[PDB]
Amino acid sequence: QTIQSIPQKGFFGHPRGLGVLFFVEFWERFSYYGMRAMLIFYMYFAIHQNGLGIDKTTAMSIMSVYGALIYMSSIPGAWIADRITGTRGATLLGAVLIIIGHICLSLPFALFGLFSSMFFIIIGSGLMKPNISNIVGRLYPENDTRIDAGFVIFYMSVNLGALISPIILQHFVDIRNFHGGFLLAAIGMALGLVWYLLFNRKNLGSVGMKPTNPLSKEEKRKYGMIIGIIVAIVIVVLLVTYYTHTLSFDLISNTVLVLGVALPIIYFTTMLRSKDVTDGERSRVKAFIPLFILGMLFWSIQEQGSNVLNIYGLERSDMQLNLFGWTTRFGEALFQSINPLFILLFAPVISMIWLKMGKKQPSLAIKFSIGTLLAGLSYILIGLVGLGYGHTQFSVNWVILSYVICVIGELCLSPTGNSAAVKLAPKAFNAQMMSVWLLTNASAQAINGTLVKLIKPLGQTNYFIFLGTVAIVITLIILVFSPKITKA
């Protein structure tokens, strides 16, 4: 049995093994969102300043390409746990890969060590991020109503890592010792691994040690042919372009652009088709299409506060926090800590707003429209500030006020799109619907990987006013069809 092997208690009233993976996902997401927050500055900083010296636009662009691939790679890694390794194996493999990628940035490998890092982390992330989340659900038996808060606590380490690590890592940016910071994250990740190795056998029991739908003899051949070849075609066209000096990041940034727009369509096409989706569950899939837009428009802006907003604040504002007499230097890595901090504070409190309303709750597109409008309004804010002040160095107060408006928008849109991801998924294409909602984050990130090239031609300020406006315009449009979508 799956639930007879594992302790049903031991961690704030939940199964002991939720204590094991909290400590694992904490030390992973800590070193991820830490690395993720130096990395931008390790790229477009000058060589004398220990950086690498990459074009400001290639560096902003890597950031969104790197991001999107973290989330696309959850799709084959959900698969490899499903057909070859099982959830446990994939997570262990994923973790060991990640630590390799962090160690790479610690070594002085300049442009090679950067991408080998991206390679090793992206790989392990898809084997770990989605399959660690699988194992936590499988710890609760079929009719166990604890599973709900058990995921709230799990994702609480997610925000705890992502809160604490920009804080700590801020010093290695000031003393411009990038290598040393990537080593801290690197260790921090190993802590998680050691802890899993030491205590995974006894708290997780036998869960996910075997794959669910393993591959038959002929499937091992078919798939190992197909997958084998694409790996070859890819390798070659990289090899070919490196040694003919054709290769830049426009190859990668355009590929992913393509995937990020291709992959949502396939999923809705293979979904809306098939006679396995009744007339009830269909049309509802046509009703998530609009929501998928509003989730794409939203995460566009949100995930840009990791490569666009924070550069703008470092270069265009006084970087001096200034609240009711409390002034201090606002460290630039500290921008990536607002977004989790307000989640950790106000995830429980936007939970009461919807519970005290019961049925007069906002609809579902209503949330999705609220949270896209705000993110939209948030880019209109910072654009207008820059437009008012012009050349004069304004307060970093304003740059923070954008981040906040955005994270308040997410409070309506993050808890709803994943409540609704695998809520009304077709009672056959459930995972296929998990993969949809997640792509709201991956497509935004592949669109951003190319969207940022409009900064030079439109100017840093006007950029901000164009994006905020497509968000609000296109949101209001969909809001007129907001009763038809609600019929579901």
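Position 1 is the first residue in the sequence shown; the rest follow in order.
Stretches 128-136 and 279-287 differ in mean CA B factor, with 279-287 having the higher one.
The stretch with the higher mean CA B factor, choosing between 381-389 and 116-124, is 381-389. Within the group 239, 333, 184, 99, the record's highest C-alpha temperature factor is found at 239. Each of 355, 308, 162, 321 has a CA temperature factor in the record; the biggest one is found at 355. Ranked by C-alpha B-factor against the other modelled residues of its chain, residue 171 falls in the middle third. Residue 89: CA B factor in the middle third of modelled residues in this chain (values from the PDB entry). Residue 437 sits in the highest third of its chain by CA B factor, as recorded in the PDB entry. Ranked by Cα temperature factor within the chain, residue 49 sits in the middle third according to the deposited record.
Residue 205: CA B factor lies in the highest third for its chain, per the PDB record.
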